[PDB]
């Protein structure tokens, strides 16, 4: 579509083996996903507040339903899920979704605006990106408790009145936390010290549009580009390859997660919204979970 800066115009395309695992109706906003050690993929169907489980054959069942909207997902050590979203009043909430489908609200956070990606920091602690405040929150799920882990302009929108999300997805790799700032079109990295506190954020890659992403064990970052309708692989040397495009089912790609099992240890799963925000010329499509074979195992999230 013609508005878009041609940021990936000269990147090589190396198309991964792709397969659509399941599809949702047009206008389904799948925001994120997390894989279970048994093979089950949970996704967030944002607008309806549903956490949906997907079997390998592609069958869907509504695992849980939150009040309001639901975005980020991470597994806890007990096999429950921590979720970010909004309550009925559009206030950020962190929820715990138990394996029996029951929901408890851990925290309501009116000093936050939009909690997006969430990822484990330790056994009981998780970091979540606030896409409009310019901060990462530290969430303890056992107490529970919330605080500001880092507030910094690199996590913020360039324009204080822009509606595009800034700090968005976040993942640990090595002694760093990598964070997408979609609105500035940046990937940054933040040192994590021995006491799990942040150092000085550093720009990692510029002119890249990444929603959420995931790492392999070699430190390749696999990122969903959303309005660019692609999945890119960014190597530790900062070089970028396009590994899936519209035809592979990734129009409006939003997030990425590796499988954990013998059968899919080397595959990523990608959720999409079928292009609802900025449709391609051919129009919107049903929202997908797409499996891409990448030939390298996933970094453990914990």
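Residue numbers count along the first chain shown, from 1.
Of the two segments, 159-167 and 122-130, the one listed with the higher mean B-factor is 159-167 (C-alpha atoms only). Annotation for residue 95: C-alpha temperature factor in the lowest third relative to the rest of the modelled chain, per the entry. Split the chain's modelled residues into thirds by C-alpha temperature factor. Residue 300 is in the middle one. Per-chain ranking of the deposited C-alpha B factor places residue 242 in the lowest third. When all modelled residues of the chain are sorted by CA temperature factor, residue 254 is found within the lowest third. Sort the modelled residues of the chain by CA B factor and residue 69 lands in the highest third.
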